[PDB]
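Input: a single structure, listed below in structure tokens.
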Amino acid sequence: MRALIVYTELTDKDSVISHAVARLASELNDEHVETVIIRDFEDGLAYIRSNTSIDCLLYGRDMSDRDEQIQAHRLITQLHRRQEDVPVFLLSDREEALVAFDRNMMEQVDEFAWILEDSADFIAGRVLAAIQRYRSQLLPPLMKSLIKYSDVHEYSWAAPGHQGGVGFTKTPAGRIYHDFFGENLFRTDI
Amino acid sequence: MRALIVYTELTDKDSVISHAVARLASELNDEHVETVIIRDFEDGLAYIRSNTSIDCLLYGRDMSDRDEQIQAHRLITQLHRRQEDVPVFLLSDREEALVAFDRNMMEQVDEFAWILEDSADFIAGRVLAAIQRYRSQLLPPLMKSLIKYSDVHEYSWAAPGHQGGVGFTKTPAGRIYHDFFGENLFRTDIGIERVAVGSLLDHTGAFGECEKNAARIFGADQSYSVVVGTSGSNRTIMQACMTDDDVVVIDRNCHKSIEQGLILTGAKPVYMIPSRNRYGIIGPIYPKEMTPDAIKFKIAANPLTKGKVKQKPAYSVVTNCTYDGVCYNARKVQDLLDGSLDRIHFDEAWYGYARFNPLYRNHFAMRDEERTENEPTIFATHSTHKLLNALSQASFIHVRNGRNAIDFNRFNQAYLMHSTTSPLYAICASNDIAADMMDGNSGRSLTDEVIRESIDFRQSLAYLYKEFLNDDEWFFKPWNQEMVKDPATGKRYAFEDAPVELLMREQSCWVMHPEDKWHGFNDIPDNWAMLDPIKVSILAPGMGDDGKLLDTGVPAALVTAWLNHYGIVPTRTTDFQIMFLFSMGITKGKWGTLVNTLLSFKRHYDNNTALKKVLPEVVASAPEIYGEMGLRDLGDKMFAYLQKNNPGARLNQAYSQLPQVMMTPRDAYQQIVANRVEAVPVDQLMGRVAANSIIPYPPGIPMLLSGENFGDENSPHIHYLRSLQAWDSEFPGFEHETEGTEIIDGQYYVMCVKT
Amino acid sequence: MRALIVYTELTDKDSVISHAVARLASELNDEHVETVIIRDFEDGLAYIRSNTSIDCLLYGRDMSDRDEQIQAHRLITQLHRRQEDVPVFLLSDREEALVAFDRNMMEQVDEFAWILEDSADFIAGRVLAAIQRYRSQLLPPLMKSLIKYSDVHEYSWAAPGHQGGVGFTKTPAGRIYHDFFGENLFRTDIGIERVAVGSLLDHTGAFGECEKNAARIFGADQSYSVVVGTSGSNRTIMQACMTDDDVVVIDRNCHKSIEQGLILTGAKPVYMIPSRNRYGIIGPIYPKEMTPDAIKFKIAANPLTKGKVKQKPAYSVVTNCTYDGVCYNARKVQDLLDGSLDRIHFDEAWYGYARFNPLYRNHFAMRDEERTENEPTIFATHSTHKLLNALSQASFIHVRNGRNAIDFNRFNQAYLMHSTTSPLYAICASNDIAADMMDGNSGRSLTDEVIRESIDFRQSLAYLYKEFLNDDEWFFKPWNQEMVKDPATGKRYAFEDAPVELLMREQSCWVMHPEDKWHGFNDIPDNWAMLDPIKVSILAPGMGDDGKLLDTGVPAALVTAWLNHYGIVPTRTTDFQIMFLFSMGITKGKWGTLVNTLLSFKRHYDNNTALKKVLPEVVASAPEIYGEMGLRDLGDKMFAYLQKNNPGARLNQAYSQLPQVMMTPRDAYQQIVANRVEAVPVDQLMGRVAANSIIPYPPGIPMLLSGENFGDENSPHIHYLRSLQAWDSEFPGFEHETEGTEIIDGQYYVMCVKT
């Protein structure tokens, strides 16, 4: 689980939003969500264009700058090009977000995170729930069912004879072959 | 122990104050006080608004800047909103603080710390002493005594048998259960024979202290903690109040525990009929039903009570607020009922927070008001687990003694009659912590947070509705005022454009005015009812303002199926109405998920997405019907069915006319005990007397009570039951719930008295 | 996951098997299975007898030694006593195991592990699969579903308001409370609207599964889980059974919930009077009170029921076992009452384990027996928190359908009438885990452990009593048989010399025989009653076998004060009797503390130690009286008072004669509701009707019920109340408890019906 945080300047003084984001990142790391913190939308765009899996996007902008609004929309569109249903959290001061609220905002924002008046634990829990929801719909059906069944290791009394690759690990050459191709390939040959 | 240090610029050169603060922080850490150092008051405010426990605040400012003075005062006020008695230390140069010394300074400063001329060890010791003093007063009495006793681990030679959870740790399944629930839960299950804590049923010790504290906090003369919920509380109040030789005035919008009390007391009930609107939402009882002449007329017309027209009614019950958030003006209700009764019971099961926010002023039972000596006795029941923070089955009885009051010795008999001899002390502890949570500034702060969240959701939904309407599209709309008026300046706003402070402060922005069309309660008097902001109803399109359906619409059953598929479970639902609860357990900005879910439903509805892709569980009910069918196809099918059958008129007919009463509820139940009852299908209900209550959903309030006749062939009640059955047959997976019926092979059966 | 490896000598040279086992243990640790390696079967037995969870047993022996075979079988049987389905792997050389292969081997071996010719990885994988299979079947259904659902953390938009405990973590006191009780308790408080788990009141889902499982385990046709304790269970049973037009047969040794049921139903009660002994211990009802002629005579003699002599009684209740551990032969009681009634209710609140130990055979309600079709309907109520392992308020209703049975639809009305709409699921989960704990081998093993501990205490106390008697000194003695007879060989033993196996196996060692003097129930039939071993009564000296006091003695009130000072709180107490509870939560050898405390009391009593040194709390009551007074001085003062006043005769007079009945308990309570009651002092009680029940301690059972006359000047009941008041006045700090009275300035007041 990896969360990407892209915020530029939410408060007139940087330290407030920086400390709030640091607290949120600590709470996310305590629940085993890795966090990447980025201060510029072009840097975030470059990060997204690297084929790195992102499970959640949390972003905030100036909220009074239309250029940063365009940049944020570009970032979210780029993210959804290849990672289509990744949850997007808006990090913002509540009043600024509420005055900017409209249909176009909700077209790209899935959840609100009032970073300056909410506990980092509550936001981290909501982020984790969103990440789990996203991960549960990610795989296509056959691949999902095969992965789910692959954990079974019991000896069936039927073919194939290698029985999830166990048969190969009885001669040294078979063991080399089994280690080369890996266990999961043989455990899906069911 | 955590100390928060907020200082900005105390010296012209930063290094002096920074080094002094560093020395103080080191000395505080050496005494195991964690320190958070913050250089800006806005950062400190953000830190305080995170629900982190702070045991001491040490702050310093420029001391010559009035803006920083205002900021520091704001920080301290914010801290004391939810952490009321946290000590505040002023860090300052001595001369600067002394020249600024006044009453206003001492109102917010508890101690002085001359950080530049005092040893950090002395200040750290004083801080630790202050923290210990603060921590020693933090817990409410029952919880404190339970925690203190929990350290005892010796085997008592008495019940409970598990002996602080030791008994569970003897089988593997017991060990898993014990590890899951934790040790402290079992170590507080100590029985009623430990004099260190006291006993709940005797109201002694910490239990007596907790009940006195709760009575003070909730503004009652006496309070009783209950471990059988508001069902139990209602039963004991009704048992203490009435007898089988009594006539009582019952809100027809009554919980089933009220009918249980009627069965257990044998009293003869007379009913006040609440109002209804075009959405099927049950509204308030109008004042025309509570007048002394109306009550005398009801008593004289009732078949069972017509020989008691000279007898003063012994008890009345009004549900406030209602299930859909309609709050009575309780002062006016009490004044109306004072002309006929000496005992008024307000069943405020969903309404426990009302005392602690000024928005609800005059709309609840235990008001801060000058009390005269000729008032009636007032009872209020709170389900502390519903909209306060308590475990299930926790409840309170609040009593204000007036005319014909019941003294403690008499009331205790009913209390014991509906209680248990072995209460679980965790439930009472949750009651105590809930009362403590509403005490002082914290109750106001928590109610404010919930109200603000609900208002943000309502305004956002209204804005989206207007946007979609401007694009000539449909959307959901919140059920509140369309336009609000500022009573000070006279300025009018659209609801979504109104300032949040105005909606949070002004009660008239939520009062049901007779000239407004939004609420739909025709002929309601002004300043009679009010909408609770935190019970948010949303309306699906399809119902016209006149009361008849439009040409197109989206039935709420399909939206409910969508929400259930996404895990959201509404509290109430009608044909076009979905109710969402905002509680003190909600987190800020959570309603964005609700808005997102509604928008995605609208997208899939406009796209006519196949039910197999979006709602597989709906398809799994009747795969031959819902297979190869889209979301909008099903929606239009349901709306066409509603247009053809018009079940709203059926509901109005069934609930505008009361059923004929044949016997008291106790007599009907004793027919059950005597085995003189049978299961009767709906088509054979004509002339039959129901053995138990029939509560259809919607509207969720009883259509028939025990001992009431179903009526002849043209009876609206049998017609409404038939309508619900027909809907269930036509739409599998969207079946209505009806308490008091048995559904065999999809057919309704009702237990009726054998003729 | 923990695997236990027990191997002694598999190969002629130890290093081969040791290295193979080391490789296997390394492979098991690499898959996160902890391993305990033991080289001796006695060490493995000791390890198993420690309550440590074992997920798999891998063992090997010599395979040519029959002694090691017996030891291994013993080890596996011991393991499955409390860990029933743990997989067992046989570690062996292949040929040795194959030559020893038979049915008896396969009865205890689940899998083979050829440790000397198989890879440790293959065996480790098979062990892990077996462990996972075992763990997946370990939990009972409701607990399993609750644990599975507990991982959900999303904000539902419905009650409870705390939303999995989030609401508590918003004030500092709430955070302390939340951390104390832990997260999992609040995350299981989910409400009745989560279909993944089901609903308790609808008996659907995991709740239906749990109730079916409990009915199977306890041998009932149907079982109901109750969250209002046995008080609630008794109320719902009585509400389902009787009506105000009914006559009922009530054990005079009844809990106050039985009288509450009488008040709530309005039935007319007739009473069976239990027996008493010289110590004031209430004994069983004799068969002469349950015969059809006796019941007809009681009905014909009762002032209220004499117009119902042709009516079959609708309900009877018998408390079994009693508070002092007297257990009826329930088969004989049922056969006696079958001639008059169709419904028998056994209130087994203290008697829930009885089904699971053969020592209690035929002495409980839900017996494993061939059932005919003409049996009466049997109800049994268990307080699962009393002598089973459950949280307070957990209870069960068990039904065996017979004549005039109540079907589910009719019974559910009473069940809902005495329940709450928001049950706390932790209580139901505790009920489910208690039922699971009694299931299979574990119930027998746990009851055996408790019974053996109680027998060890009884025998040690009897031995010490004999030793002190031989030294012509006084001591406490257990209340059981002095001499026991072995029914097989005919050999007689003194109780302290009897083999423990005989006392644990033979029921006749605990039956009350009419020829024995220990129990003191004169004219009791043989094979009628039986003593529960785990309810241990000890007798202080002072009472003669004839029924009159001796020249000297030690009153039990002083011993009770001593025990309270040391933290031990007895369950019951009379003038010379102290009752101690042995429960499944006791640990082995704990009764040594009790013996030590009694010995130290005897030392300080013989030394006449000043009460200030030993019992400062006693002195703090009346420092002018107890100051400068010794332990033996106070004891002799109390004994002289008892000798002069003889309150035991007062108790016998008060309880041998029943008070005159003036009205039903419901009528008396409705006098309270009508405010027609007053507080009356004891000296003015002549001719007055009690408004509530009077329960003096001793004997702890009601002397008067509601609606019963106190009597004239010479009434024994007023005399007994006066005796208790006089004792309270003479000995501050040793005051009797009397439910149903108010003590103002040390004077007794009783609520009575205004004439």
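Labeling convention for the structure tokens: chains A, B, ... as they appear, residues from 1 per chain, ligands from 1 in order of appearance.
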
Could the residues of chain B within 6 Å of chain A, counting only C-alpha atoms, be given as a list in words, please?
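So the residues of chain B near chain A are residues 43, 46, 49, 50, 51, 589 and 592 of chain B.
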
Residues of the last selection are to be written out with C-alpha atoms, as a PDB file, in the first residue's frame.
ATOM      1  CA  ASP B  43      -0.025  25.482  14.134  1.00  0.00           C
ATOM      2  CA  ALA B  46      -4.359  22.877  14.363  1.00  0.00           C
ATOM      3  CA  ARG B  49      -8.096  20.550  16.999  1.00  0.00           C
ATOM      4  CA  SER B  50      -6.661  17.056  16.590  1.00  0.00           C
ATOM      5  CA  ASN B  51      -8.170  14.843  19.287  1.00  0.00           C
ATOM      6  CA  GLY B 589     -15.862  15.540   5.942  1.00  0.00           C
ATOM      7  CA  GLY B 592     -18.324  13.481   0.977  1.00  0.00           C
TER       8      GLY B 592
END

Just asking: which residues within range 492-603 of chain B are helix (DSSP H, G or I) according to DSSP, as a PyMOL selection string?
chain B and resi 495-497+500-505+507-509+556-565+591-603

Select, from A:83, A:153, A:164, A:127, the residue with the minimum atom-to-atom distance to residue 130 in chain C, counting only C-alpha atoms.
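Nearest candidate to residue 130 in chain C out of A:83, A:153, A:164, A:127: A:153.
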
Test item: residues at most 7 Å from residue 36 in chain B, only C-alpha atoms, excluding those fewer than 3 positions along its chain, as an mmCIF file with C-alpha atoms, in the first residue's frame:
data_model
loop_
_atom_site.group_PDB
_atom_site.id
_atom_site.type_symbol
_atom_site.label_atom_id
_atom_site.label_comp_id
_atom_site.auth_asym_id
_atom_site.auth_seq_id
_atom_site.Cartn_x
_atom_site.Cartn_y
_atom_site.Cartn_z
ATOM 1 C CA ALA B 3 2.774 19.167 27.584
ATOM 2 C CA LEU B 4 2.215 21.539 24.666
ATOM 3 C CA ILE B 5 4.598 24.492 24.313
#

Just the residues within 9 Å of residue 316 in chain B, please, counting only C-alpha atoms, with nothing from its chain fewer than 5 positions along; format it as a count of residues only.
11

Measure the distance from CA of residue 302 in chain B to CA of residue 661 in chain B in Å and round it to one decimal.
7.7 Å

So that I can check the surroundings of range 529-538 of chain C, please list as a PDB file with N, CA, C and O atoms, in the first residue's frame every protein, DNA and RNA residue that reaches within 7 Å of it, counting only C-alpha atoms and ignoring chain neighbours fewer than 6 positions away.
ATOM      1  N   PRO C 284     -34.987 -28.824  51.012  1.00  0.00           N
ATOM      2  CA  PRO C 284     -35.897 -29.103  49.903  1.00  0.00           C
ATOM      3  C   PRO C 284     -37.351 -29.142  50.347  1.00  0.00           C
ATOM      4  O   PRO C 284     -37.677 -29.350  51.515  1.00  0.00           O
ATOM      5  N   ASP C 324     -28.066 -23.100  49.219  1.00  0.00           N
ATOM      6  CA  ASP C 324     -27.066 -23.813  50.000  1.00  0.00           C
ATOM      7  C   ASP C 324     -26.664 -25.142  49.371  1.00  0.00           C
ATOM      8  O   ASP C 324     -26.060 -25.982  50.045  1.00  0.00           O
ATOM      9  N   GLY C 325     -26.980 -25.348  48.098  1.00  0.00           N
ATOM     10  CA  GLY C 325     -26.500 -26.515  47.390  1.00  0.00           C
ATOM     11  C   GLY C 325     -27.296 -27.782  47.582  1.00  0.00           C
ATOM     12  O   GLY C 325     -26.747 -28.871  47.404  1.00  0.00           O
ATOM     13  N   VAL C 326     -28.570 -27.685  47.934  1.00  0.00           N
ATOM     14  CA  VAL C 326     -29.434 -28.855  48.027  1.00  0.00           C
ATOM     15  C   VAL C 326     -30.092 -29.066  46.670  1.00  0.00           C
ATOM     16  O   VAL C 326     -30.831 -28.202  46.191  1.00  0.00           O
ATOM     17  N   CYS C 327     -29.830 -30.214  46.055  1.00  0.00           N
ATOM     18  CA  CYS C 327     -30.321 -30.532  44.723  1.00  0.00           C
ATOM     19  C   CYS C 327     -31.442 -31.560  44.814  1.00  0.00           C
ATOM     20  O   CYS C 327     -31.269 -32.617  45.424  1.00  0.00           O
ATOM     21  N   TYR C 328     -32.580 -31.246  44.204  1.00  0.00           N
ATOM     22  CA  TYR C 328     -33.686 -32.190  44.128  1.00  0.00           C
ATOM     23  C   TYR C 328     -33.381 -33.304  43.138  1.00  0.00           C
ATOM     24  O   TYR C 328     -32.663 -33.113  42.158  1.00  0.00           O
ATOM     25  N   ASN C 329     -33.959 -34.471  43.390  1.00  0.00           N
ATOM     26  CA  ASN C 329     -34.086 -35.482  42.346  1.00  0.00           C
ATOM     27  C   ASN C 329     -35.153 -34.991  41.380  1.00  0.00           C
ATOM     28  O   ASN C 329     -36.350 -35.140  41.628  1.00  0.00           O
ATOM     29  N   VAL C 450     -13.508 -28.544  39.344  1.00  0.00           N
ATOM     30  CA  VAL C 450     -14.133 -27.803  40.439  1.00  0.00           C
ATOM     31  C   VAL C 450     -14.554 -28.747  41.563  1.00  0.00           C
ATOM     32  O   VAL C 450     -14.349 -28.456  42.750  1.00  0.00           O
ATOM     33  N   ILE C 451     -15.153 -29.885  41.208  1.00  0.00           N
ATOM     34  CA  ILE C 451     -15.613 -30.833  42.217  1.00  0.00           C
ATOM     35  C   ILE C 451     -14.437 -31.367  43.024  1.00  0.00           C
ATOM     36  O   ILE C 451     -14.519 -31.503  44.249  1.00  0.00           O
ATOM     37  N   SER C 454     -13.275 -28.744  45.531  1.00  0.00           N
ATOM     38  CA  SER C 454     -14.183 -28.652  46.670  1.00  0.00           C
ATOM     39  C   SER C 454     -14.036 -29.855  47.597  1.00  0.00           C
ATOM     40  O   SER C 454     -14.091 -29.710  48.823  1.00  0.00           O
ATOM     41  N   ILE C 455     -13.833 -31.047  47.034  1.00  0.00           N
ATOM     42  CA  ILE C 455     -13.660 -32.240  47.859  1.00  0.00           C
ATOM     43  C   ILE C 455     -12.358 -32.167  48.648  1.00  0.00           C
ATOM     44  O   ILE C 455     -12.310 -32.551  49.821  1.00  0.00           O
ATOM     45  N   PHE C 476     -13.877 -25.380  62.908  1.00  0.00           N
ATOM     46  CA  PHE C 476     -14.950 -25.442  61.930  1.00  0.00           C
ATOM     47  C   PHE C 476     -14.984 -26.811  61.264  1.00  0.00           C
ATOM     48  O   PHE C 476     -13.957 -27.469  61.094  1.00  0.00           O
ATOM     49  N   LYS C 477     -16.179 -27.234  60.882  1.00  0.00           N
ATOM     50  CA  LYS C 477     -16.353 -28.499  60.192  1.00  0.00           C
ATOM     51  C   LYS C 477     -17.163 -28.289  58.924  1.00  0.00           C
ATOM     52  O   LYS C 477     -18.064 -27.449  58.888  1.00  0.00           O
ATOM     53  N   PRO C 478     -16.853 -29.031  57.865  1.00  0.00           N
ATOM     54  CA  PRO C 478     -17.671 -28.949  56.653  1.00  0.00           C
ATOM     55  C   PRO C 478     -19.029 -29.589  56.868  1.00  0.00           C
ATOM     56  O   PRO C 478     -19.188 -30.515  57.666  1.00  0.00           O
ATOM     57  N   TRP C 479     -20.020 -29.085  56.140  1.00  0.00           N
ATOM     58  CA  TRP C 479     -21.382 -29.603  56.233  1.00  0.00           C
ATOM     59  C   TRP C 479     -21.568 -30.649  55.141  1.00  0.00           C
ATOM     60  O   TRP C 479     -21.986 -30.348  54.027  1.00  0.00           O
ATOM     61  N   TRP C 510     -23.265 -38.328  48.529  1.00  0.00           N
ATOM     62  CA  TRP C 510     -23.769 -36.980  48.707  1.00  0.00           C
ATOM     63  C   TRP C 510     -25.274 -36.923  48.909  1.00  0.00           C
ATOM     64  O   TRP C 510     -25.799 -35.846  49.206  1.00  0.00           O
ATOM     65  N   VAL C 511     -25.975 -38.046  48.770  1.00  0.00           N
ATOM     66  CA  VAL C 511     -27.414 -38.083  48.983  1.00  0.00           C
ATOM     67  C   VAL C 511     -27.718 -37.886  50.463  1.00  0.00           C
ATOM     68  O   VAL C 511     -26.980 -38.357  51.335  1.00  0.00           O
ATOM     69  N   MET C 512     -28.800 -37.170  50.750  1.00  0.00           N
ATOM     70  CA  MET C 512     -29.245 -36.964  52.123  1.00  0.00           C
ATOM     71  C   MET C 512     -30.018 -38.194  52.580  1.00  0.00           C
ATOM     72  O   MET C 512     -31.138 -38.436  52.125  1.00  0.00           O
ATOM     73  N   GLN C 577     -23.204 -20.846  60.195  1.00  0.00           N
ATOM     74  CA  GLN C 577     -23.029 -21.423  58.869  1.00  0.00           C
ATOM     75  C   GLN C 577     -22.425 -20.382  57.944  1.00  0.00           C
ATOM     76  O   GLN C 577     -22.899 -19.246  57.894  1.00  0.00           O
ATOM     77  N   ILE C 578     -21.381 -20.749  57.215  1.00  0.00           N
ATOM     78  CA  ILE C 578     -20.767 -19.871  56.233  1.00  0.00           C
ATOM     79  C   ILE C 578     -20.586 -20.660  54.948  1.00  0.00           C
ATOM     80  O   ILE C 578     -20.002 -21.749  54.962  1.00  0.00           O
ATOM     81  N   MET C 579     -21.086 -20.118  53.846  1.00  0.00           N
ATOM     82  CA  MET C 579     -21.091 -20.793  52.558  1.00  0.00           C
ATOM     83  C   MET C 579     -20.031 -20.186  51.651  1.00  0.00           C
ATOM     84  O   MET C 579     -19.955 -18.964  51.510  1.00  0.00           O
ATOM     85  N   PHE C 580     -19.215 -21.042  51.045  1.00  0.00           N
ATOM     86  CA  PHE C 580     -18.194 -20.631  50.092  1.00  0.00           C
ATOM     87  C   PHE C 580     -18.493 -21.246  48.735  1.00  0.00           C
ATOM     88  O   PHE C 580     -18.874 -22.416  48.643  1.00  0.00           O
ATOM     89  N   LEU C 581     -18.308 -20.460  47.684  1.00  0.00           N
ATOM     90  CA  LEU C 581     -18.549 -20.906  46.322  1.00  0.00           C
ATOM     91  C   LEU C 581     -17.248 -21.360  45.681  1.00  0.00           C
ATOM     92  O   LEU C 581     -16.259 -20.623  45.684  1.00  0.00           O
ATOM     93  N   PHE C 582     -17.253 -22.569  45.141  1.00  0.00           N
ATOM     94  CA  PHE C 582     -16.191 -23.046  44.270  1.00  0.00           C
ATOM     95  C   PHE C 582     -16.716 -22.989  42.842  1.00  0.00           C
ATOM     96  O   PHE C 582     -17.715 -23.641  42.523  1.00  0.00           O
TER      97      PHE C 582
END

So which residues touch residue 137 in chain A within 12 Å, counting only C-alpha atoms, skipping near sequence neighbours fewer than 5 positions away, as a short mmCIF file (atom, residue, chain, number, x, y, z; two decimals) with N, CA, C and O atoms, in the first residue's frame?
data_model
loop_
_atom_site.label_atom_id
_atom_site.label_comp_id
_atom_site.auth_asym_id
_atom_site.auth_seq_id
_atom_site.Cartn_x
_atom_site.Cartn_y
_atom_site.Cartn_z
N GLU A 84 -6.90 3.63 -12.87
CA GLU A 84 -8.14 4.31 -13.20
C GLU A 84 -8.97 4.68 -11.97
O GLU A 84 -9.53 5.77 -11.90
N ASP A 85 -9.08 3.78 -11.00
CA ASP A 85 -10.01 3.98 -9.90
C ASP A 85 -9.31 4.26 -8.58
O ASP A 85 -9.86 4.00 -7.51
N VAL A 86 -8.10 4.80 -8.63
CA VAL A 86 -7.37 5.13 -7.40
C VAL A 86 -8.13 6.22 -6.65
O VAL A 86 -8.51 7.23 -7.26
N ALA A 130 -10.33 3.22 2.04
CA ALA A 130 -10.41 3.49 0.61
C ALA A 130 -9.42 2.63 -0.17
O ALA A 130 -9.74 2.11 -1.24
N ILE A 131 -8.20 2.48 0.35
CA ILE A 131 -7.19 1.66 -0.32
C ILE A 131 -7.64 0.21 -0.40
O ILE A 131 -7.47 -0.44 -1.43
N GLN A 132 -8.21 -0.31 0.68
CA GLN A 132 -8.69 -1.69 0.66
C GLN A 132 -9.82 -1.87 -0.34
O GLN A 132 -9.87 -2.86 -1.08
N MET A 143 -7.99 -14.35 -12.80
CA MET A 143 -6.73 -14.18 -12.09
C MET A 143 -6.96 -14.11 -10.59
O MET A 143 -6.20 -14.68 -9.80
N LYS A 144 -8.02 -13.40 -10.18
CA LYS A 144 -8.36 -13.30 -8.77
C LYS A 144 -8.67 -14.66 -8.17
O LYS A 144 -8.17 -15.00 -7.09
#
